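Given next are the chains, with one letter for each unit.
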There are 2 protein chains.
Amino acid sequence: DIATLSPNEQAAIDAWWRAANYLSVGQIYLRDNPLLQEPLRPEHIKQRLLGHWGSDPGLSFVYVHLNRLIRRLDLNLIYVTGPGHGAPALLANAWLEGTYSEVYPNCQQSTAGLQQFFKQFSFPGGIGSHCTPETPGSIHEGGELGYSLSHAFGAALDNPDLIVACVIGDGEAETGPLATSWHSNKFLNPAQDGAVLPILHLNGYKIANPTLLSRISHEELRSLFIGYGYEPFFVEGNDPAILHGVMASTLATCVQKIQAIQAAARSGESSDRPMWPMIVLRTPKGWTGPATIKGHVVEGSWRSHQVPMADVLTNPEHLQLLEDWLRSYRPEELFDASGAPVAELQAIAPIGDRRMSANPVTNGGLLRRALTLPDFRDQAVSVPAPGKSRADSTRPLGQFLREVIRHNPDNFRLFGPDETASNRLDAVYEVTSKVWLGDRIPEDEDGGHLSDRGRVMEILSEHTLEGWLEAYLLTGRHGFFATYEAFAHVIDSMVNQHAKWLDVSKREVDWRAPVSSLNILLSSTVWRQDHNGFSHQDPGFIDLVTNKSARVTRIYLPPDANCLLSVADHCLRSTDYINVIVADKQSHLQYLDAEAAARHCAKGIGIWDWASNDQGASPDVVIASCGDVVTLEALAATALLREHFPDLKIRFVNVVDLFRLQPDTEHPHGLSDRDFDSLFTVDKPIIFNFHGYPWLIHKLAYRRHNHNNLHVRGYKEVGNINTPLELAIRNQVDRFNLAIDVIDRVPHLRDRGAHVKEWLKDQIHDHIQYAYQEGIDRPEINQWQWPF
Amino acid sequence: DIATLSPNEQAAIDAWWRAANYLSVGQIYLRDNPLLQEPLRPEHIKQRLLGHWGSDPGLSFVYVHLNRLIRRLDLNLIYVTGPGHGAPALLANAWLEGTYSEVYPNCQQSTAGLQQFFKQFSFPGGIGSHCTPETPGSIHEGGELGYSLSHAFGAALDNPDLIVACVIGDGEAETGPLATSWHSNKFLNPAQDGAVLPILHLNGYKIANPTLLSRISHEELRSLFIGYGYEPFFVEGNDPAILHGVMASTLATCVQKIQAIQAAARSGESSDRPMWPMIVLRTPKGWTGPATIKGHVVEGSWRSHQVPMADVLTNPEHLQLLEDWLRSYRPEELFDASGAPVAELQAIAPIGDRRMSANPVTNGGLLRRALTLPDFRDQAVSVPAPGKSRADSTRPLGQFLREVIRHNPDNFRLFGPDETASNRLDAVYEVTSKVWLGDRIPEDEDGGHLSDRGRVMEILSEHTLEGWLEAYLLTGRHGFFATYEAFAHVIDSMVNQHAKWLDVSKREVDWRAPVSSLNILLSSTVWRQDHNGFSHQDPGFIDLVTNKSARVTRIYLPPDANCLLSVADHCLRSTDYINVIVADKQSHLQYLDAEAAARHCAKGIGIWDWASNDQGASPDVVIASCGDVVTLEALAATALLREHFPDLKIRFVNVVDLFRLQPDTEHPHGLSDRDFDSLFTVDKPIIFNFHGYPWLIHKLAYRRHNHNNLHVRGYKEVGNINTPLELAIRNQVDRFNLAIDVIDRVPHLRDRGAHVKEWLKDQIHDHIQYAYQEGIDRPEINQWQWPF
Ligand SMILES: Cc1ncc(C[n+]2csc(CCOP(=O)(O)OP(=O)(O)O)c2C)c(N)n1
Ligand SMILES: Cc1ncc(C[n+]2csc(CCOP(=O)(O)OP(=O)(O)O)c2C)c(N)n1
Ligand SMILES: [Mg+2]
Ligand SMILES: [Mg+2]
C-alpha cells in the first residue's frame, strides 16, 4: 500500500513540510529570535534581504515526499536541484534530517543552533544564496540555469541502483541547454545505468513573466514530453490536503515503473528504449506565503519570486505581516522547548546514509578510485631522428584511450560531439562502441559503431555533453572530452561554472573530497582550417580560461604525438584542475622520443638541444614556440637562419605548460625568476611563436624582468579560405616572417641581413602566387623536415 | 490546381533540380572543363577538396519547389539555410536564376563563366565553403549550428507579407539553441508578422553518427512537434519521380494554411495562437551521388557527408566514377552550346525581385530607415551640483526608450531576457507591453504587461533572444538588447558569429548595404551583487569582445544616467558596430549635466574639472576610472586625499569609450599620442580604476609611451557573499585601497603619507568588522557625496 498514505502519516508529512517552510522563511528574514519566543522586532530582521522564496515551497514539497519513499522502498536518491535559488529549501530539509548538524556542528539542532542557522544564510562571512559547494548533498550550483537536467543524467551514468530526482523550474526549461537535455534519456542504458526522475516544477511564473510551458495548453505540454521520450504524470492543485495524497500516489507509481523498467532490462528480456516516467507539478508560486501585500496578488504570482515584502524594517505593518506569516506554520507544535524537531518529525527522517543530503554520491570524491592507467610508452611512436619522421599525432592517443577503457570498464567514459571519428580516434572503437539506445538499421553495423553498452558518448549538443561530464566527475568517476577548438565558445559558460565549483570546493569547503579532473582535448585547431568548422575559427577559448587562476586551470600545447601521450597520461591522474589540451589531428613531424617527451612534460618547458644552434656560448636570439603548427614554423625559420647565417647562434625553447611563464609569486607552479632567466636570457631578444592571441603571452610574462625583450607572434585574423601556409603568412607566424623578425631584432644582423631579408620577402610573395594559381602549397613545403 | 503539377512541368522541375545538383558537384570537384566537352583528366580536379555534398541535394530539392510556388502564388520568401555547409546548393540555384550573374558579372552564364564559377568555390582568393556574406540572398552564415531557426523568426518579426522557409538539418536540431527556438512561434503575432515555414531536413545522419531525431519513432517525432506548437507534414521517400508530386502537394497545402492563418488573424476574427504548418523531409543523404565507392554504402549514409570520394587525382578509378557521377545528370540536355541554361530552365525561374536570392529583405541595409530619435535632453536628470545629487540611472533610459518606441512603431523592438522589470525599465510599459501570444489569465493584466501587439520581446533563453535581434538587424530594422552582465557568456558564441559577419560585409563584400548596429546593454554588474545572478559573476565578456578589432566592436561604460542617455542616443544611430554598454541599475550619484554629458561622450574620455584638484599646475597623480561603481570609489579616494594632503594636486580623468586608449595606429578611433599624453601625463603615475579584469587596460594601452607608469586596479575575484563595500575591498578597488595606492606611487608622499596610510588601513579593517556584525555597510558609506 505504498500508493496510499495513512491519515496519521500524512500529518507527519504535513508537519515536516511546514517545518521545512518555516526554516526557509527564517533564513531569508530572521537574524535572531528563531522560534518567536518574544514578539518580533526590527532588530531581529536582516538589513539586506537576498534570499529567494518563490520556489522554496515546491522544493520542500518534493523533498518530504521523496524521503517517504526512501524509508519505505529503501531507495537512494540525490535530488539535483534546478532552481538553485531555492537553496533555503535544501538547507532546511538537511537541517531537519540532521545532516547539516553533523557536517556543521555549530548549527546544532537547538534554539542556539537555529539562531546561528538563520543568521548565516545570505550573510557576509556566511553561506551564499545558491546551492554552492557548502550545501550538503549538492552537485549542481544552479546559479546558471539550464544545466540541471544534464547533470542529473551524468550522475546516473554508471550507478545502476541510483535514482536521481531532478526538479526543474519552468523558467529554466525555456533555456537552450535544458531543452536538449530532455533527449538525453536516449543515451541512458537501463541495464547498466541508474534512472532519472525529472520533476517539472510548473509554478507558472518567472521573476516577472509567465513561463512558456505554463501558458501552453495541457494537451501540448503532454505531447511535448511524449515526444521527448517520457511518460508525463501531472500533479496539480493548491490545497496541501489533497496534493499530499496525489503527490505520494504519483511518486510511488513512477518509482515502481522505474524499477520495472530496470528489472526487465537487467533480466535481458527487454533491451529496448522505454518511456521514462516524468512528473509535472502545478503548485502555485510561494503557495504558503502571504496572499496579498500591497493590494497585489502575491501567492501564485510573479511577485512571489525572492522576497514577497522587501520593506519590513521601515514599515511596521509589513513586520506584523511577516510575524503573522511565521505563525501560520504553528512553530509551537513543530519544535520542542530546546529548539529541536519534535519526536514526530524525527521518526520520519531517513536513517544514516540513505538521506539525500548525506548520500555519498553527492560528495563523489569519497567514491573516487584511481584510474588503472597502462604504460603509455607502449603506444609511443618511434623517432630515431627528431624532426625527420612523420606520423599521425592522434592515432597513438586513440590507442592509449582504448587501453584505458579496457582496464576501467565502469568508471571511465569518452565524450565527443560527433567528432571522435573526425578527430582520428577510431582506435577506441576496436574495443567499445558509441552508446545509442535507439533503433538501429543494418547499415549502421557496417558504418558506425553503435551498441547499448558503449563507453563513448556522442551528441552534437556540447551543452549536454559538457553537462554529462561535469556530473560524471563530481560523482567520482573519470572522463575525457575531445572536441574541436572552433566550438569551445559554446561550453564557455559551463566551464566557468565548473571552474568556480572546483575553486570553492578546494579552498572554502574542507569536507569536500577531491573529485577527478576535467580533461578537455581540442583538435583541428585554427591553423589547419579543416573542412568542418566555420571559416573564422577563434582561439579565444584559451584566453577565457586563462582569466581563471592557474590554481584551477592548466593549459597544455603538446608539439607532437609522444608529448600528447605524456600530457594525456599525466592529466588522467590529476584531481582538481580543468585541463585544456590543444592538439592537432593532422599528420605532423615528430620531435620527442617516449623518454624525451616524458622529461619534457615534467619540466613543462625546456630547451630542445637538437634544434639549438650553439651550446656553451651565449645565444644571439631565443626562438620559442608554444603550439604544434607554430612549432614547425619556428623550426623551419631556425633552419633558414642557420643556413643563411652560419655564425648565428640560436637557442630553441618549446613551452608546453602555458602557466609556467607566470612568475613564482603568482603561483607555485610557475617558473622562478632564476629558472626563467636561464631559459630565456636576461638580455637577448625572444621571438615567440604562439598558437592563439599573441597578447596572452604578454599577460602571463608581464612581471618578468626580460618582458620588454619579448616579441610574440600569433593568431590575428583569418581570411575566408586559405592554404595552411597562406594563413600563416597572413598572421605573420610563417617560417619566412619568423626569420624576418629575427633579422630585425638581432642587432648585428640589421646591416648584414639586408640581402637575406629581401630574399625572404620574395619567398613569401612566390608562395602566395602559387597558392592562388593552384590552391595548394608547394610540395617542398608540406614535405619539409629538419635538415640538420 | 496548385497542389497537383502537370507531367511536363514536373520535367522542368526535375531538369532544374538536376542542373542545380550538377553545378553543386562541379563546384566541389571541378576546376576546368565545366561541361565535360573533353574527357575528364586529373588536371581538371581541384587539388584540395573542402566542399560539402551530403546536404546539397536536399537544399536544392526544397529550393526548386519553393520557386514553383513563388511563380504561381506570387509569394516572397527568403530561404534561410540551416546546414550552412550546403553553400554549393544555394550558389547553384542563384546562378540558374540569374542572380549570381547580376551580382558578380565575372561568373557569367556561359562556358567561360561556369569555369570561373566552379574554380572560385572553396579556393584561395575565392568564396568560402559556407553561407558567407558573399552569398546572394543569405542572412545566416550557418557555420555555427543552432541559430538558423531563431534567425528565421527574427526576419519575419515585422514583415507581414514575408514567408521565411528555414531548412534545418537534423544534426543541428540536436543543439541546445535550436531546441528552444521551436517555441518562438509563441511570440510571433500572425496579424502583424510574417510566417516561418520550417522544413526539417531529416536525412538520418550527421558526419559520422545517426541523428537523434531520425532514430526516434515516427509517432514520437510527430508528438514532439505538436508539442512545440506546429502541425507536422511528412515528406518521405527516395525516388524523385514520386517525391516531386508529394513535395509540391505538401508545400502548396502548407502555404494555403499560412495564408489562411494570416487572413483570419488580420481580419480580427481569430486572435488565437495557431498551429503553424511544418514539413519533415526524409530524403537520403546525398541521394543522387554514387551508391557505393569502396565496398561501403555512400548514398543515404554518414559517408555521404562532404566529399564522397576524397582521393580522385591519385586513383584513376575514382576519377572514372566522378566522371560517371557528373554524366548521370545528363548535362548535354541542361545547358545549351554557349553554356547557358536551356530555354526550358529559364522559363521556370522567378522574374526580377521575386527571386529568393535577389530578395531585398536578405540585403536588409537597402530597406533600412533611420530611427526617428527624440531629443534625449528631455529625459535627462538635473544636476545643479555634480557628484552631490542622487538619482536612478536606468529610469531616464527607460523613458527614452519608451519615446523611441512611440515614434518608431514598426521598425524598433526591445529584447530582454525576462529582466526588463528587474532592470528598472518599466517606463517602456507605459506605451507598449510584452508580446505573449499565449493564453492569458486575469491576474496577468493587474500585474504583467502582456499583449499580442507588443514591442518588447521577453523569453528567458538568451540564445533565441540574441538570434531574433541579429536577424532583425540584418533585415534592416533596429533594436536594443538589455540583459545582465552575468549571463553575457551565454551569447558569447553568437556575438562572434555576428561580429565576423559585420567585418566581412564591411570590408570584403561591396554590394552589402550597411545594416543597423547591435546594441547590447549590460546591467546589474558584478560589483553590486543583487539578488539575481550567481554569486561569482564575471566581467569576462568585456574581455572577449575586445579580442575583436575596434573596427567592429565598441565598449562604453557611462558613469551616470545622463552619460547613459547620450551613449544610448549615439549608438542608436550607428550602423555597423556591436555596441556594448555597461551600465548599473542601482541608485547612484550623478556627475554630468545634459550638456556636459553630451560633450563627454563626444570626446569619449575627458578630464572632470570639478573633481580635478589643480589646473594651471602639473598634477602629482592622475586618477582615472572607467566604470561607474569604480568611478564613485575613485572620487571618494580623491576626496580623502584632498582632505588629508591639501597641497597634493590630482587630475581626475574619466573614460567612457574604452577603445580610445588604443593608439591611433591601431585604429583611427583611438587617441593620438599627443592627445593621450595631454590627458595622462608623460611621467606622472596613473592610478586606473576599471570595471573588469585589470589587464584589459594594459592590452589596450601597451603601445603608449607612459604605459610603464600605468597602474590598473580592477576585478580579481568575488567571495561567496559580500556587501558592496566589502567586495570592493577584496578587489582593492575601494576608496581606501585607491588612496593607499596613490600614497605608494607618488614619490613625495612615501615619507609624509605614513600616518595617513596607517589610518586608511584602520578604516578598511573597521568597515569589514561592521559588515560582518551587521551585514550592511555603514550609513556614511552609502550616503557619500562629493564634499567639495
Ligand atoms: C540563462 C539565465 N537567464 C536568466 C537568469 C536569471 N534568473 C535567475 S533565477 C531565475 C528564475 C528562473 O525561473 P524558474 O526556473 O521558473 O524558477 P522558480 O520560479 O521555481 O523560482 C532567473 C530568470 C539566469 N540565472 N540564467
Ligand atoms: C555546435 C556545433 N557542433 C558541431 C559542429 C560541427 N558540424 C558542422 S556540420 C555538422 C554535421 C551536422 O549537420 P546536420 O544538421 O546533420 O545537417 P545535414 O547534413 O542533414 O544537412 C557538424 C557536426 C558545429 N558546426 N557546431
Ligand atoms: Mg518557476
Ligand atoms: Mg543530417
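Residues numbered from 1 in each chain as written, not as in the entry; some residues may be left out. Chains lettered and ligands numbered in written order. Heavy atoms only, no water.

Looking at the entry header, you'll see cryo-EM listed as the method and 2.63 Å as the resolution.

A short note on the pattern of salt bridges
Residues and elements named next belong to chain A. Enumeration according to the criterion identifies 73 salt bridges over all chains in this entry. The salt bridge involving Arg455 is made with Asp158; its shortest N-O contact spans 3.0 Å. Taken together, the positions of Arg455 in the loop between β8 (450–451) and β9 (456–457) and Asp158 in the loop between α6 (148–155) and β1 (163–169) put the pair 297 residues apart, joining distant regions of the chain. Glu323 is the partner of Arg327 in a salt bridge, and the nearest nitrogen-oxygen pair spans 2.6 Å. Of this pair, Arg327 and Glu323 are both found in helix α11 (residues 316–327), four residues apart, which corresponds to roughly one turn of the helix. Take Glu323: its relative accessible area is 14%, and that puts it in the buried class. (Salt bridge = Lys/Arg side-chain N within 4 Å of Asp/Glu carboxyl O. Helix = DSSP H or I, 4+ residues; strand = E, 2+ residues; numbered from the N terminus. Buried < 20%, exposed > 50% of the residue type's maximum accessible area, 1.4 Å probe, protein only.)

Structural notes on the coordination of the magnesium ion (ligand 4)
Residues and elements named next belong to chain B. Around the magnesium ion (ligand 4), the donor atoms from the protein are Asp170 (OD), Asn203 (OD1) and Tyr205 (O), and they sit 2.1 to 2.6 Å away. Along the chain, the residues donating to the magnesium ion (ligand 4) fall in the pattern D-x32-N-x1-Y. Here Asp170, found in helix α7 (residues 170–173), pairs with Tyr205, found in the loop between β2 (195–201) and α9 (218–227); they are 35 residues apart in sequence, far enough to count as distant. Accessibility assignment for this pair places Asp170 and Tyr205 in one class, buried. (Donors = N, O, S within 2.8 Å, 3.2 Å for Na, K, Ca; no water.)

Concerning the packing of aromatic side chains
Residue and element names in this part refer to chain B. A complete count under the given rule lists 67 aromatic pairs over all chains for this structure. Between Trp527 and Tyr715, the ring centres sit 5.9 Å apart and the planes meet at 80°, which makes this aromatic pair edge-to-face. Note that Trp527 is positioned in the loop between β11 (518–523) and α17 (540–547) and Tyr715 in the loop between β19 (710–713) and α23 (724–731), a separation of 188 residues in sequence. With respect to class, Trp527 is no different from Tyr715; both count as buried. (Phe/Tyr/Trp six-rings, centres within 6.5 Å; stacked < 30°, edge-to-face > 60°.)

Observations regarding the interface of chain A and chain B
The interface of chain A with chain B comprises 113 residues on the first partner and 115 residues on the second. Summing both sides of the interface, chain A and chain B together bury roughly 9,200 Å²; the carbon and sulfur share of this comes to 56%. Contact with chain B buries area across many residues of chain A, yet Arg215, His531 and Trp695 of chain A alone supply 8% of it, more than any other trio. In this structure, the connection of chain A to chain B is made through eight salt bridges. Here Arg215 of chain B makes a salt bridge to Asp444 of chain A, at a shortest N to O gap of 2.3 Å. (Contact = heavy atoms within 4.5 Å. Buried area = accessible area lost by both parts, 1.4 Å probe.)

Re the coordination of the magnesium ion (ligand 3)
Six octahedral donors around a metal ideally subtend angles of 90 or 180 degrees, whereas four tetrahedral donors ideally subtend 109.5 degrees. Residues and elements named next belong to chain A. Within the protein, the atoms that donate to the magnesium ion (ligand 3) are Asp170 (OD), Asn203 (OD1) and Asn203 (ND2), at distances of 2.2 to 2.4 Å. Pair noted here: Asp170 is in helix α7 (residues 170–173) and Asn203 is in the loop between β2 (195–201) and α9 (218–227), with a separation of 33 residues, a long-range link. On the basis of relative accessible area, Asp170 is assigned to the buried category, the value being 1%. For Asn203, a relative accessible area of 11% gives the class buried.

Focus on the site of ligand 2
Residues and elements named next belong to chain B. Around ligand 2, a shell composed of 20 residues is seen, among which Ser55, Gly143, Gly171, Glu172 and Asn203 lie nearest. Backbone polar atom of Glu172 to an oxygen atom of ligand 2: 2.6 Å apart, as the coordinates give it. Measuring from an oxygen atom of ligand 2, one finds a side-chain N or O atom of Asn203 at 2.3 Å. Here ligand 2 loses 98% of its free accessible area of 610 Å² to cover by the protein chains. If one sorts the elements of the shell around ligand 2 by residue count, α7 sits on top with three residues. Taken together, the residues that form the shell around ligand 2 break down as five nonpolar, eight polar and seven charged. (Near = heavy atom within 4 Å. Polar contact = N/O pair within 3.5 Å; in protein donor to acceptor, adjacent residues only side chain to side chain. Areas by Shrake-Rupley, 256 points an atom, 1.4 Å probe, with all protein chains shown as cover. Nonpolar A, V, L, I, M, F, W, Y, C, P; charged D, E, K, R; others polar.)

Section: the environment of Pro308 of chain A
Residues and elements named next belong to chain A. Locating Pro308 in the fold gives a position in the loop between β4 (276–282) and α11. Sequence separation between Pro308 and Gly54 is 254 residues, and the spatial gap between their C-alpha atoms is 8.3 Å. Sequence-distant contacts of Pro308, that is, excluding residues within four places in its chain, are made with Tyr29, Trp53, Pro290, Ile293, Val298, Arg303 and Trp325.

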